[PDB]
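One file, structure-v9.txt, is given below (compact mmCIF, C-alpha atoms and all ligand atoms).
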# COMPACT_ATOMS: atom_id res chain seq x y z
CA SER I 1 2.55 -31.92 2.38
CA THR I 2 5.84 -31.93 0.52
CA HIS I 3 8.75 -29.76 -0.62
CA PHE I 4 8.71 -26.48 -2.53
CA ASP I 5 11.45 -24.20 -3.86
CA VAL I 6 9.91 -21.19 -2.15
CA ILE I 7 7.09 -20.64 0.32
CA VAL I 8 5.38 -17.27 0.66
CA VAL I 9 3.57 -16.71 3.95
CA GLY I 10 0.90 -14.06 3.52
CA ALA I 11 -0.37 -13.87 -0.07
CA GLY I 12 -1.56 -10.29 -0.01
CA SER I 13 -0.35 -7.10 -1.68
CA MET I 14 3.34 -8.03 -1.56
CA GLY I 15 3.12 -11.80 -1.32
CA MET I 16 0.92 -12.37 -4.36
CA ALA I 17 3.15 -10.14 -6.50
CA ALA I 18 6.20 -12.10 -5.36
CA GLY I 19 4.32 -15.32 -6.14
CA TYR I 20 3.64 -14.18 -9.69
CA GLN I 21 7.28 -13.21 -10.28
CA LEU I 22 8.47 -16.56 -8.92
CA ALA I 23 5.98 -18.68 -10.88
CA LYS I 24 6.85 -16.82 -14.07
CA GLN I 25 10.42 -18.07 -13.62
CA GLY I 26 9.39 -21.70 -13.22
CA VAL I 27 10.02 -21.80 -9.47
CA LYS I 28 7.88 -24.33 -7.58
CA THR I 29 5.97 -21.98 -5.31
CA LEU I 30 3.49 -22.35 -2.47
CA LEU I 31 1.55 -19.35 -1.20
CA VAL I 32 -0.20 -19.61 2.15
CA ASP I 33 -2.85 -17.20 3.40
CA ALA I 34 -5.04 -17.07 6.50
CA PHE I 35 -7.98 -16.07 4.28
CA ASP I 36 -8.84 -16.02 0.55
CA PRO I 37 -7.08 -13.08 -1.25
CA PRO I 38 -8.21 -10.59 -2.15
CA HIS I 39 -10.22 -10.21 1.06
CA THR I 40 -11.38 -7.53 3.50
CA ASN I 41 -9.46 -8.57 6.63
CA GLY I 42 -6.07 -7.17 5.67
CA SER I 43 -4.77 -3.95 4.13
CA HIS I 44 -5.59 -4.29 0.43
CA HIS I 45 -9.36 -3.80 0.17
CA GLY I 46 -11.40 -0.68 -0.47
CA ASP I 47 -11.34 -0.92 -4.27
CA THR I 48 -8.77 1.77 -5.02
CA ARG I 49 -5.18 2.79 -4.27
CA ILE I 50 -3.22 5.89 -5.28
CA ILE I 51 0.17 5.65 -6.99
CA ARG I 52 2.37 8.79 -7.02
CA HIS I 53 5.86 9.24 -8.49
CA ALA I 54 7.17 12.52 -6.99
CA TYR I 55 7.93 10.74 -3.73
CA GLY I 56 9.90 13.00 -1.46
CA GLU I 57 9.94 10.50 1.37
CA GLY I 58 13.20 9.35 -0.22
CA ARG I 59 15.03 9.34 -3.55
CA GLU I 60 15.28 5.53 -3.51
CA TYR I 61 11.48 5.66 -3.66
CA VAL I 62 11.20 7.39 -7.05
CA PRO I 63 13.03 4.70 -9.05
CA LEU I 64 10.97 1.97 -7.37
CA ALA I 65 7.81 3.99 -8.04
CA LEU I 66 8.66 4.34 -11.74
CA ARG I 67 9.55 0.65 -12.10
CA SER I 68 6.29 -0.24 -10.34
CA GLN I 69 4.33 1.97 -12.76
CA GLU I 70 5.83 0.15 -15.74
CA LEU I 71 5.03 -3.18 -14.08
CA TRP I 72 1.42 -2.07 -13.51
CA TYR I 73 1.13 -1.19 -17.21
CA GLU I 74 2.54 -4.64 -18.05
CA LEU I 75 -0.04 -6.30 -15.82
CA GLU I 76 -2.80 -4.28 -17.48
CA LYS I 77 -1.84 -5.84 -20.82
CA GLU I 78 -1.77 -9.40 -19.48
CA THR I 79 -5.12 -9.69 -17.71
CA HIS I 80 -8.79 -8.96 -18.40
CA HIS I 81 -9.16 -7.30 -14.99
CA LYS I 82 -8.91 -3.50 -14.88
CA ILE I 83 -5.65 -2.40 -13.28
CA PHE I 84 -4.98 1.32 -13.68
CA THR I 85 -6.71 4.58 -14.59
CA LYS I 86 -4.59 7.69 -15.16
CA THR I 87 -6.50 10.18 -13.02
CA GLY I 88 -3.39 12.17 -12.20
CA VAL I 89 -2.65 13.10 -8.56
CA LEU I 90 -3.04 16.53 -6.97
CA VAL I 91 -0.97 17.53 -3.94
CA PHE I 92 -1.59 20.82 -2.14
CA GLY I 93 -1.08 22.63 1.13
CA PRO I 94 -0.36 26.04 2.73
CA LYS I 95 2.54 27.81 1.01
CA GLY I 96 5.77 27.39 2.96
CA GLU I 97 3.97 25.46 5.70
CA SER I 98 3.95 21.92 4.31
CA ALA I 99 6.97 19.62 4.32
CA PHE I 100 4.95 17.09 2.33
CA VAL I 101 4.35 19.52 -0.54
CA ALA I 102 7.92 20.87 -0.43
CA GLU I 103 9.54 17.44 -0.63
CA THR I 104 7.11 16.48 -3.41
CA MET I 105 8.25 19.50 -5.43
CA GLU I 106 11.90 18.70 -4.66
CA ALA I 107 11.46 15.10 -5.76
CA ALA I 108 9.82 16.27 -9.00
CA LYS I 109 12.77 18.56 -9.75
CA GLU I 110 15.52 16.10 -8.86
CA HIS I 111 14.09 13.36 -11.07
CA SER I 112 12.82 15.58 -13.85
CA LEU I 113 9.23 14.41 -13.43
CA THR I 114 6.43 16.03 -15.42
CA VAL I 115 4.30 18.19 -13.13
CA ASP I 116 2.14 21.32 -13.17
CA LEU I 117 2.64 23.91 -10.45
CA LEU I 118 -0.26 26.14 -9.45
CA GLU I 119 -1.50 28.16 -6.50
CA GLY I 120 -4.48 29.90 -4.99
CA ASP I 121 -7.35 30.60 -7.36
CA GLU I 122 -5.64 28.60 -10.13
CA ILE I 123 -6.51 25.39 -8.27
CA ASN I 124 -10.17 26.35 -7.86
CA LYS I 125 -10.43 27.43 -11.51
CA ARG I 126 -8.99 24.22 -12.95
CA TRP I 127 -11.06 21.97 -10.65
CA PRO I 128 -14.40 23.67 -9.72
CA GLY I 129 -15.20 21.19 -6.94
CA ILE I 130 -12.16 22.30 -4.94
CA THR I 131 -12.11 25.37 -2.71
CA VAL I 132 -8.78 26.27 -1.12
CA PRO I 133 -7.46 29.48 0.52
CA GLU I 134 -5.41 31.80 -1.68
CA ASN I 135 -2.23 31.05 0.27
CA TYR I 136 -2.30 27.43 -0.88
CA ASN I 137 -0.02 26.03 -3.56
CA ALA I 138 -0.13 22.73 -5.40
CA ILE I 139 1.73 20.32 -7.61
CA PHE I 140 -0.23 18.19 -10.06
CA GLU I 141 1.23 14.97 -11.44
CA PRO I 142 -0.66 14.14 -14.67
CA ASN I 143 0.91 10.72 -15.30
CA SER I 144 0.25 8.93 -12.01
CA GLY I 145 -3.16 7.75 -10.86
CA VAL I 146 -5.34 5.04 -9.40
CA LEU I 147 -4.87 1.29 -9.11
CA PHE I 148 -7.75 -1.12 -8.54
CA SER I 149 -6.06 -3.05 -5.72
CA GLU I 150 -8.41 -6.02 -5.45
CA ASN I 151 -8.13 -6.50 -9.22
CA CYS I 152 -4.33 -6.36 -8.95
CA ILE I 153 -4.18 -9.19 -6.42
CA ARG I 154 -6.80 -11.24 -8.26
CA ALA I 155 -4.87 -10.85 -11.53
CA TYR I 156 -1.50 -11.77 -10.00
CA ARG I 157 -3.13 -14.81 -8.38
CA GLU I 158 -4.76 -16.09 -11.56
CA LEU I 159 -1.54 -15.62 -13.53
CA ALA I 160 0.59 -17.26 -10.85
CA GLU I 161 -1.75 -20.24 -10.51
CA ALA I 162 -1.89 -20.73 -14.27
CA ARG I 163 1.88 -21.14 -14.16
CA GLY I 164 1.93 -23.74 -11.41
CA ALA I 165 1.84 -21.75 -8.18
CA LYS I 166 -0.19 -23.38 -5.42
CA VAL I 167 -2.30 -21.21 -3.13
CA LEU I 168 -3.37 -22.63 0.24
CA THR I 169 -6.24 -20.53 1.61
CA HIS I 170 -7.87 -20.19 5.03
CA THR I 171 -4.66 -21.51 6.54
CA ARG I 172 -3.00 -19.53 9.30
CA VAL I 173 0.73 -20.06 9.75
CA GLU I 174 1.46 -20.53 13.46
CA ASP I 175 5.18 -21.19 13.73
CA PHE I 176 8.47 -21.43 11.84
CA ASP I 177 11.45 -23.80 11.96
CA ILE I 178 14.49 -22.35 10.20
CA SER I 179 17.64 -24.30 9.40
CA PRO I 180 20.68 -23.10 7.40
CA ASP I 181 19.60 -25.25 4.44
CA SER I 182 15.79 -25.24 4.58
CA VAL I 183 12.66 -23.77 6.14
CA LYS I 184 9.46 -25.27 7.53
CA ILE I 185 6.11 -23.74 8.44
CA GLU I 186 3.49 -25.17 10.79
CA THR I 187 -0.26 -24.67 10.25
CA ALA I 188 -3.44 -26.34 11.51
CA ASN I 189 -3.70 -27.85 8.03
CA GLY I 190 -0.21 -29.35 8.06
CA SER I 191 3.50 -28.59 7.85
CA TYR I 192 5.41 -27.61 4.70
CA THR I 193 9.10 -27.28 3.82
CA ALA I 194 11.05 -25.31 1.21
CA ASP I 195 14.51 -23.98 0.36
CA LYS I 196 13.52 -20.34 0.79
CA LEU I 197 10.91 -18.42 2.77
CA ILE I 198 9.28 -15.05 2.10
CA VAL I 199 7.45 -13.44 5.02
CA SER I 200 4.81 -10.85 4.16
CA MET I 201 1.98 -11.09 6.69
CA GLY I 202 1.00 -7.42 6.79
CA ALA I 203 -0.38 -6.27 10.14
CA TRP I 204 0.24 -9.73 11.59
CA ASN I 205 3.99 -9.22 11.12
CA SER I 206 3.72 -7.25 14.38
CA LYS I 207 2.72 -10.40 16.27
CA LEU I 208 4.60 -13.18 14.48
CA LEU I 209 8.06 -11.86 13.60
CA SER I 210 9.04 -12.68 17.17
CA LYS I 211 8.69 -16.32 16.06
CA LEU I 212 11.67 -15.63 13.79
CA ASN I 213 13.75 -14.24 16.65
CA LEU I 214 13.14 -10.67 15.46
CA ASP I 215 12.38 -7.85 17.88
CA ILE I 216 11.30 -5.02 15.60
CA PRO I 217 8.70 -2.49 16.79
CA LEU I 218 5.68 -2.57 14.46
CA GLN I 219 2.41 -0.81 15.25
CA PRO I 220 -0.89 -1.69 13.52
CA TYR I 221 -3.42 1.14 13.15
CA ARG I 222 -7.14 1.17 12.40
CA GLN I 223 -7.66 3.41 9.35
CA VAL I 224 -11.07 4.08 7.81
CA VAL I 225 -12.25 5.49 4.49
CA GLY I 226 -15.68 6.73 3.48
CA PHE I 227 -17.57 6.96 0.20
CA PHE I 228 -19.70 10.10 -0.14
CA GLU I 229 -22.54 11.04 -2.47
CA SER I 230 -21.04 13.78 -4.62
CA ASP I 231 -21.84 16.22 -7.42
CA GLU I 232 -20.85 14.04 -10.38
CA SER I 233 -20.38 17.09 -12.61
CA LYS I 234 -17.41 18.06 -10.42
CA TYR I 235 -15.94 14.97 -8.73
CA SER I 236 -16.25 12.27 -11.39
CA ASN I 237 -13.26 10.64 -13.05
CA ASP I 238 -15.22 11.25 -16.25
CA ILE I 239 -14.75 15.00 -15.85
CA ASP I 240 -11.08 14.59 -14.92
CA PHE I 241 -11.28 15.16 -11.16
CA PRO I 242 -7.96 13.80 -9.84
CA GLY I 243 -6.86 11.52 -7.05
CA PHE I 244 -5.27 13.55 -4.27
CA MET I 245 -3.12 13.57 -1.15
CA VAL I 246 -2.84 16.88 0.66
CA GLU I 247 -1.55 18.42 3.87
CA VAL I 248 -3.78 20.84 5.77
CA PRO I 249 -3.40 22.31 9.29
CA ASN I 250 -4.73 19.18 11.02
CA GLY I 251 -2.88 16.62 8.92
CA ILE I 252 -2.81 14.65 5.68
CA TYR I 253 -5.84 13.45 3.73
CA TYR I 254 -6.06 11.37 0.54
CA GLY I 255 -8.98 10.83 -1.80
CA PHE I 256 -10.27 9.46 -5.09
CA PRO I 257 -12.67 10.76 -7.74
CA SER I 258 -16.02 9.03 -8.14
CA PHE I 259 -15.86 6.08 -10.56
CA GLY I 260 -19.15 5.15 -12.20
CA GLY I 261 -21.06 7.09 -9.55
CA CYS I 262 -19.54 5.21 -6.60
CA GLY I 263 -18.89 8.55 -4.95
CA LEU I 264 -15.79 10.39 -3.76
CA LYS I 265 -13.68 8.29 -1.40
CA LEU I 266 -11.74 10.01 1.39
CA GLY I 267 -9.37 8.93 4.15
CA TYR I 268 -7.56 10.67 7.02
CA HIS I 269 -3.91 9.58 6.92
CA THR I 270 -2.28 11.08 10.03
CA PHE I 271 -4.62 9.63 12.64
CA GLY I 272 -5.81 6.13 13.49
CA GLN I 273 -6.49 3.95 16.53
CA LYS I 274 -3.68 1.73 17.81
CA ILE I 275 -5.07 -1.80 17.63
CA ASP I 276 -4.35 -5.52 17.58
CA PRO I 277 -5.08 -7.16 14.20
CA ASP I 278 -6.99 -9.97 15.90
CA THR I 279 -9.36 -7.79 17.96
CA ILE I 280 -9.81 -4.76 15.69
CA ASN I 281 -13.40 -3.56 15.27
CA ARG I 282 -13.97 -3.66 11.52
CA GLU I 283 -17.25 -1.73 11.60
CA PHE I 284 -17.19 1.83 10.28
CA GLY I 285 -18.82 4.48 12.45
CA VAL I 286 -18.34 2.91 15.88
CA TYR I 287 -16.12 5.87 16.82
CA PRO I 288 -17.26 9.47 16.29
CA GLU I 289 -13.90 10.27 14.65
CA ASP I 290 -14.57 7.86 11.78
CA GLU I 291 -17.04 10.17 10.05
CA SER I 292 -16.37 13.52 11.77
CA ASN I 293 -12.71 13.69 10.69
CA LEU I 294 -13.76 13.18 7.07
CA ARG I 295 -16.59 15.71 6.93
CA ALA I 296 -14.39 18.32 8.61
CA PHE I 297 -12.17 18.23 5.52
CA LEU I 298 -14.99 18.02 2.97
CA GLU I 299 -17.09 20.95 4.16
CA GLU I 300 -13.97 23.13 4.04
CA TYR I 301 -12.19 22.06 0.83
CA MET I 302 -14.64 20.03 -1.27
CA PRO I 303 -18.13 21.16 -0.17
CA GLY I 304 -19.80 19.63 -3.21
CA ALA I 305 -18.74 16.16 -2.06
CA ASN I 306 -19.97 16.54 1.52
CA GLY I 307 -23.04 14.42 0.78
CA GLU I 308 -24.64 11.33 2.29
CA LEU I 309 -22.26 8.60 3.46
CA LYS I 310 -22.80 5.79 0.95
CA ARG I 311 -20.48 3.28 2.61
CA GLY I 312 -17.43 2.96 4.84
CA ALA I 313 -14.53 0.55 5.21
CA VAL I 314 -12.06 -0.36 7.94
CA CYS I 315 -8.51 -1.30 7.04
CA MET I 316 -5.04 -1.40 8.64
CA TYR I 317 -1.67 0.37 8.45
CA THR I 318 1.43 -1.29 9.93
CA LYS I 319 3.97 1.37 10.90
CA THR I 320 7.69 1.28 11.60
CA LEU I 321 9.23 4.03 13.75
CA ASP I 322 10.60 5.98 10.76
CA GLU I 323 7.67 5.03 8.51
CA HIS I 324 10.00 3.56 5.88
CA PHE I 325 9.55 -0.05 4.73
CA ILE I 326 11.45 -3.15 5.76
CA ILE I 327 12.58 -5.26 2.79
CA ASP I 328 15.65 -7.33 3.52
CA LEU I 329 17.03 -10.78 4.30
CA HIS I 330 16.70 -12.05 7.85
CA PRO I 331 19.90 -10.86 9.60
CA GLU I 332 20.66 -14.43 10.71
CA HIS I 333 19.10 -16.48 7.89
CA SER I 334 19.96 -15.72 4.26
CA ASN I 335 17.16 -18.04 3.13
CA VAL I 336 14.44 -15.93 4.75
CA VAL I 337 13.19 -12.71 3.15
CA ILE I 338 11.20 -10.14 5.15
CA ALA I 339 8.65 -7.66 3.77
CA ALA I 340 6.96 -5.57 6.47
CA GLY I 341 6.06 -2.18 7.91
CA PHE I 342 4.68 -0.59 4.76
CA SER I 343 3.33 2.14 7.03
CA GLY I 344 0.21 3.01 5.05
CA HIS I 345 1.86 3.80 1.71
CA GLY I 346 3.12 0.57 0.19
CA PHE I 347 0.49 -0.72 -2.23
CA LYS I 348 1.64 1.41 -5.14
CA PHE I 349 5.03 -0.35 -4.89
CA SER I 350 3.68 -3.91 -4.65
CA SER I 351 4.49 -4.77 -8.26
CA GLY I 352 8.07 -3.55 -7.84
CA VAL I 353 8.44 -5.16 -4.42
CA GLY I 354 7.26 -8.46 -5.87
CA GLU I 355 10.19 -8.31 -8.26
CA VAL I 356 12.58 -7.37 -5.45
CA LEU I 357 11.36 -10.22 -3.22
CA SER I 358 11.72 -12.81 -5.97
CA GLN I 359 15.28 -11.67 -6.71
CA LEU I 360 16.27 -11.72 -3.02
CA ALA I 361 14.76 -15.17 -2.47
CA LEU I 362 16.44 -16.70 -5.53
CA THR I 363 19.82 -14.96 -5.53
CA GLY I 364 20.15 -13.21 -2.18
CA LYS I 365 20.53 -9.90 -4.01
CA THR I 366 18.47 -7.45 -6.06
CA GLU I 367 19.19 -4.96 -8.84
CA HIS I 368 17.14 -2.30 -7.04
CA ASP I 369 18.60 -0.02 -4.38
CA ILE I 370 16.79 -1.05 -1.20
CA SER I 371 19.36 0.37 1.22
CA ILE I 372 16.81 2.66 2.90
CA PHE I 373 14.66 -0.37 3.79
CA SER I 374 17.45 -2.21 5.61
CA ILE I 375 16.39 -4.27 8.60
CA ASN I 376 19.69 -3.24 10.24
CA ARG I 377 19.09 0.52 10.16
CA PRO I 378 19.27 2.45 13.50
CA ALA I 379 15.98 4.37 13.36
CA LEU I 380 14.19 1.01 13.26
CA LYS I 381 15.35 -0.24 16.68
CA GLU I 382 15.83 -3.82 15.52
CA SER I 383 17.11 -6.50 17.91
CA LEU I 384 16.88 -10.23 18.65
CA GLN I 385 15.14 -12.09 21.49
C1 LIG I 401 -5.56 0.53 4.90
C2 LIG I 401 -5.27 1.46 3.88
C3 LIG I 401 -4.04 1.31 3.33
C4 LIG I 401 -3.67 2.08 2.20
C5 LIG I 401 -4.62 2.99 1.63
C6 LIG I 401 -5.93 3.16 2.24
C7 LIG I 401 -6.26 2.41 3.36
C8 LIG I 401 -7.62 2.57 4.01
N1 LIG I 401 -4.37 3.74 0.51
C9 LIG I 401 -3.13 3.54 -0.06
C10 LIG I 401 -2.89 4.28 -1.23
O1 LIG I 401 -3.71 5.05 -1.75
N2 LIG I 401 -1.61 4.08 -1.83
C11 LIG I 401 -0.60 3.23 -1.35
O2 LIG I 401 0.46 3.11 -1.92
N3 LIG I 401 -0.89 2.54 -0.21
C12 LIG I 401 -2.10 2.70 0.39
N4 LIG I 401 -2.38 1.95 1.56
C13 LIG I 401 -1.27 1.07 2.14
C14 LIG I 401 -1.21 -0.28 1.40
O3 LIG I 401 -2.59 -0.77 1.17
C15 LIG I 401 -0.49 -1.23 2.41
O4 LIG I 401 0.82 -0.76 2.67
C16 LIG I 401 -0.40 -2.73 1.65
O5 LIG I 401 -1.60 -3.27 1.29
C17 LIG I 401 0.51 -3.50 2.55
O6 LIG I 401 0.62 -4.85 1.91
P1 LIG I 401 0.90 -6.22 2.71
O7 LIG I 401 1.04 -7.23 1.72
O8 LIG I 401 1.81 -5.93 3.81
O9 LIG I 401 -0.51 -6.43 3.60
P2 LIG I 401 -1.82 -7.35 3.06
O10 LIG I 401 -2.10 -6.94 1.70
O11 LIG I 401 -2.75 -7.10 4.20
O12 LIG I 401 -1.33 -8.80 3.09
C18 LIG I 401 -0.97 -9.58 4.27
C19 LIG I 401 -1.53 -10.92 4.06
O13 LIG I 401 -0.92 -11.90 4.89
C20 LIG I 401 -1.87 -12.72 5.48
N5 LIG I 401 -1.60 -13.32 6.75
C21 LIG I 401 -1.54 -12.68 7.95
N6 LIG I 401 -1.22 -13.46 8.94
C22 LIG I 401 -1.05 -14.69 8.37
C23 LIG I 401 -0.70 -15.97 8.88
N7 LIG I 401 -0.45 -16.16 10.20
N8 LIG I 401 -0.62 -17.04 8.03
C24 LIG I 401 -0.87 -16.85 6.70
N9 LIG I 401 -1.21 -15.64 6.12
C25 LIG I 401 -1.29 -14.61 7.03
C26 LIG I 401 -3.26 -12.01 5.35
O14 LIG I 401 -4.39 -12.88 5.22
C27 LIG I 401 -3.05 -11.01 4.25
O15 LIG I 401 -3.71 -11.48 3.08
CL CL I 402 0.53 -0.66 5.67
Before anything else, please render the file you have as structure tokens.
Ligand SMILES: *Cc1cc2c(cc1C)nc1c(=O)[nH]c(=O)nc-1n2C[C@H](O)[C@H](O)[C@H](O)COP(=O)(O)OP(=O)(O)OC[C@H]1O[C@@H](n2cnc3c(N)ncnc32)[C@H](O)[C@@H]1O
Ligand SMILES: [Cl-]
Amino acid sequence: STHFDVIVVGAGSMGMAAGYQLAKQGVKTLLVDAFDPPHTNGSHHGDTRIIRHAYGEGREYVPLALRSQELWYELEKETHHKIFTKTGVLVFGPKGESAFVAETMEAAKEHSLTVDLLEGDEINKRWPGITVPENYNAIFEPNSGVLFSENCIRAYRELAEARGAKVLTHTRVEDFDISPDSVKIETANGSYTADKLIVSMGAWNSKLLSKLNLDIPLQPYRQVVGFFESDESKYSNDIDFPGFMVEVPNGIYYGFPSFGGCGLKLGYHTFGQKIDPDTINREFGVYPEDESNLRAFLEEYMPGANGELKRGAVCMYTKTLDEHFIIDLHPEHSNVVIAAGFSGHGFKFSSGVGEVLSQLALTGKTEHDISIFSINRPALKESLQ
């Protein structure tokens, strides 16, 4: 309808955070989303999200995780919406047989993070609702916890809008026109121009980045979570049951304690169906794996939470080949910033990424080390049409 300093396409986890950072600096910003964030068609719903600090996936991750934590605490003080609860996060697995646990312990050591190390019966004794074999070891992070993701996006949106940011909802971006001095987006509701463009369309990045002459392999996955009736005297946040992410023989699982009797929430991380974001079946239970994969874990490790399925949710992961993020400037256009391939573990960093995206869009650089997320890295297999 007119000109803006910056346009953000995809106002979800990353986009809304970037929008808040931009608006706070007085930048005329327009955020465009295919739906009305927060919504249940992308990758940010399901009430809760785990944030961990002892990130062994990469050292560059820890600093970003710590900065994000501080930013989440800042957001908590600015809005009336609930943002974070310090449940702590438990990580366990078979001794000497889990690379996830090992790297977590290494990360904790290298960055001097505060953690408790326990093994075997010690785990079961500290948290009654958990039953693990004696050959299992664990690392507990008391200072990390759970974020209320929908509240996070809602808060960033309200704060951004109060400062002048415009949010155009139910508007799908269909094409881009990039020039060395400006950008333009085309939608069924009209075309818009700006000096800078931030692209953060989540799972849809796999289908539309080609419009920006980018040929990066991105694979969307259907990932479900289930809420189970549980023994509240053992799995409630009120009795200090922690959030968790563990590695067992058949893969990685993550879960949350019951909040206000909502029940324990569990998800299987290593498996999901390869899908197209436009034809994905968003109904939980249509595949036998949806529920069976979850109960298999519960009856073995948390029997007291293997109750009636209270509710399920379908959501998406967007993976890169190396499972590391993509946060960088378009290789050919310095006025286009790309945020994609969060591979199922990016929400906890959304506050920090919002800061990174705003810095890149306004100055072409950022104070954070984002070298591991380069769009030019080999393992990615990036090319142009
Ligand atoms: C799915 C999932 C993910 C997940 C998780 C549990 C489940 C079931 N648990 C996590 C956890 O405990 N800790 C953590 O750190 N991450 C966890 N995740 C992953 C995290 O949720 C995702 O990495 C994150 O949400 C990715 O954010 P991103 O911003 O990429 O994705 P989005 O929030 O879906 O936003 C994309 C938005 O863009 C819009 N869109 C799409 N296409 C268009 C077009 N054409 N035009 C305009 N807007 C568009 C969408 O509407 C969406 O809002
Ligand atoms: Cl993702």
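In this model, the gap between atom CA of residue 352 of chain I and atom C19 of ligand LIG 401 (chain I) comes to 17.0 Å.
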Inset, instruction - For segment 246-253 of chain I, please output as JSON, numbers by chain all residues within 8 Å (counting only C-alpha atoms; exclusion window: fewer than 3 positions along the same chain). - result: {"I": [90, 91, 92, 93, 94, 98, 100, 101, 266, 267, 268, 269, 270]}
Legend entry - Nearest to ligand LIG 401 (chain I), chosen from I:261, I:285, I:341, I:19, with only C-alpha atoms and all ligand atoms counted in the distances: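 Among I:261, I:285, I:341, I:19, it is I:341 that comes nearest to ligand LIG 401 (chain I).
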Legend entry - Contact residues around segment 307-318 of chain I with all atoms listed in the file at 6 Å, ignoring same-chain residues under 2 positions, as a PyMOL selection string: chain I and resi 43+203+219-230+282+284+305+341+343-344
Inset, instruction - Quick one: pull the distance between atom CA of residue 121 of chain I and atom CA of residue 292 of chain I, Å, one decimal. - result: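 Atom CA of residue 121 of chain I sits 27.2 Å away from atom CA of residue 292 of chain I.
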Inset, instruction - Choose the residue, out of I:340, I:360, I:107, I:146, that has the smallest atom-to-atom separation from ligand CL 402 (chain I); count all atoms listed in the file. - result: I:340
Legend entry - Counting only C-alpha atoms, the option among I:184, I:9, I:175, I:274 closest to residue 210 of chain I: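 Closest residue, counting only C-alpha atoms: I:175.
Residues in contact with residue 185 of chain I at 10 Å, where all atoms listed in the file are counted and same-chain residues fewer than 6 positions away are skipped, are listed as residues 7, 9, 32, 173, 174, 175, 176, 177, 178, 191, 192, 193, 194 and 197 of chain I.
Here the question is which of I:142, I:46, I:277, I:288 gets nearest to residue 265 of chain I using only C-alpha atoms, and that residue is I:46.
The point (12.9, 8.7, -11.5) has these residues within 12 Å of it when all atoms listed in the file are used: residues 52, 53, 54, 55, 56, 58, 59, 60, 61, 62, 63, 64, 65, 66, 67, 68, 69, 70, 107, 108, 109, 110, 111, 112, 113 and 114 of chain I.
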Inset, instruction - Find the residue from I:33, I:290, I:141, I:231 that sits nearest to residue 51 of chain I; use all atoms listed in the file when measuring. - result: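 Among I:33, I:290, I:141, I:231, it is I:141 that comes nearest to residue 51 of chain I.
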Legend entry - Minimum-distance residue to ligand CL 402 (chain I), chosen among I:351, I:206, I:335, I:363 (using all atoms listed in the file):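 Under the stated criterion, the closest residue is I:206.
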Legend entry - Atomic distance atom CA of residue 369 of chain I - atom CA of residue 349 of chain I, expressed in Å with one decimal: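 Interatomic distance here is 13.6 Å.
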Inset, instruction - For the point (-2.0, -10.1, -2.0) in the file's frame, write as JSON, numbers by chain all residues with an atom no more than 12 Å away, counting only C-alpha atoms. - result: {"I": [8, 9, 10, 11, 12, 13, 14, 15, 16, 17, 18, 19, 20, 31, 32, 33, 34, 35, 36, 37, 38, 39, 40, 41, 42, 43, 44, 45, 149, 150, 151, 152, 153, 154, 155, 156, 157, 158, 160, 167, 169, 200, 201, 202, 347, 350, 351, 353, 354]}
Please report as JSON lines every residue of segment 76-185 of chain I lying within 7 Å of segment 240-244 of chain I, along with the nearest atom pair and their distance in Å (one decimal), using only C-alpha atoms.
{"residue": "I:87", "atom": "CA", "partner": "I:242", "partner_atom": "CA", "distance": 5.0}
{"residue": "I:88", "atom": "CA", "partner": "I:242", "partner_atom": "CA", "distance": 5.4}
{"residue": "I:89", "atom": "CA", "partner": "I:243", "partner_atom": "CA", "distance": 4.7}
{"residue": "I:90", "atom": "CA", "partner": "I:244", "partner_atom": "CA", "distance": 4.6}
{"residue": "I:91", "atom": "CA", "partner": "I:244", "partner_atom": "CA", "distance": 5.9}
{"residue": "I:127", "atom": "CA", "partner": "I:241", "partner_atom": "CA", "distance": 6.8}
{"residue": "I:145", "atom": "CA", "partner": "I:243", "partner_atom": "CA", "distance": 6.5}
Please, could you write that set of residues out with C-alpha atoms as a compact mmCIF listing (two decimals), in the coordinates of the input?
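Once everything was written out, this is again_6.txt:
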# COMPACT_ATOMS: atom_id res chain seq x y z
CA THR I 87 -6.50 10.18 -13.02
CA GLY I 88 -3.39 12.17 -12.20
CA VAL I 89 -2.65 13.10 -8.56
CA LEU I 90 -3.04 16.53 -6.97
CA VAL I 91 -0.97 17.53 -3.94
CA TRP I 127 -11.06 21.97 -10.65
CA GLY I 145 -3.16 7.75 -10.86
Set up a box along x, y and z of the file covering all listed atoms of ligand LIG 401 (chain I), add 3 Å on every one of the six sides, and write the centre and edge lengths in Å to one decimal, as AutoDock Vina command-line options.
--center_x -2.9 --center_y -6.0 --center_z 4.1 --size_x 15.4 --size_y 28.1 --size_z 18.1
